[PDB]
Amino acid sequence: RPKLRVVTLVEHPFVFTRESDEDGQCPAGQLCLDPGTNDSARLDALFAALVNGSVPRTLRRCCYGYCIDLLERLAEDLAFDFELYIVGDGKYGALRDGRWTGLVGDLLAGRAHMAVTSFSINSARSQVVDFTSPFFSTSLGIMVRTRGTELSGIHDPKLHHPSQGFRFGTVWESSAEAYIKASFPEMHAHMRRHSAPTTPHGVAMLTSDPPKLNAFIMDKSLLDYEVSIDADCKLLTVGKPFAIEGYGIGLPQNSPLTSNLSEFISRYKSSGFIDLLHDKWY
């Protein structure tokens, strides 16, 4: 029964974490390591230390969420065991200085058998890693505060010729950022000084005092979740959808696992299991 090493990225409601119990175990959820490193030797050693060393609670979390439920079902149906860690840099992945970062970089470096989270399939990434057929689809979206900025979508002139003090941004090294860099390079030039390391950091810029963003661009799936948990219901998504992409499980090229995983994903879609996960987690 093979044991697969899975890299993830904490992004609500696809992957959440809570603290481990007194013994560093997870009565609810799945034990995930939080190593904070892309050093292959350190990663190997940390997993080894689970068995013959001592990994402190500061580096242990218990993962749960839509993608963890998905992973648990696939492990059952395909008969594999798994171990999880959170990607060190907290990024999905971009090509920077000739190397891929984030989840894409860990798959290429052989640090994980698969990457499981809200991971977008795009053409640049597909040239270097493989993805299963998608389990979920989302457009990008634009989040703003209520009672203020109005936008038609990505072609709004407010974004192409921003007025004095108008700021907008995305998440560094995300597929959202990749789409803008490729499609709207002049807009990217304005955004890259106002972007954020994670979705919650970007949403926080909209709500800071004073706000540091007037608009935040990210997967609509993720923005919709943040809209739903705002304590004041003061966030809103606006404009027409754009840049539709699927989420898939990422694997190194030519993995013997990809086909089998895709077959089950297709079955989960048709049988209504994927819809159940959505209803459960949203």
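From 1 onward, residues are counted along the sequence shown.
Chemist: Quick check on the record: does 55-63 or 35-43 carry the larger mean Cα temperature factor?
Modeler: Comparing averages over the C-alpha atoms only gives 35-43.
Chemist: Of 138-146 and 74-82, which one has the bigger average CA B-factor?
Modeler: It is 74-82 that shows the higher mean C-alpha B-factor.
Chemist: Out of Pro197, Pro211, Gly153, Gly165, which shows the largest CA B-factor listed in the entry?
Modeler: Spelled out: the listed residue with the top C-alpha B-factor is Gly165.
Chemist: Using the B-factor values recorded in the entry, state whether the Cα atom of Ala189 falls in the lowest, middle or highest third among the modelled residues of its chain.
Modeler: Highest third - that is where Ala189 ends up once the chain's C-alpha B-factors are sorted.
Chemist: For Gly250, does the deposited CA B-factor place it in the lowest, middle or highest third of the chain?
Modeler: Within its chain, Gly250 is a lowest-third residue by C-alpha B-factor, going by the deposited values.
Chemist: Against its chain's modelled residues, does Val6's Cα B factor rank lowest, middle or highest third?
Modeler: According to the entry, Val6 has a C-alpha B-factor in the chain's lowest third.
Chemist: For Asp219, does the deposited CA B-factor place it in the lowest, middle or highest third of the chain?
Modeler: Its C-alpha B-factor belongs to the lowest third of this chain's values.
Chemist: What third of the chain does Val227 rank in for C-alpha temperature factor, lowest, middle or highest?
Modeler: Middle third by C-alpha B-factor.
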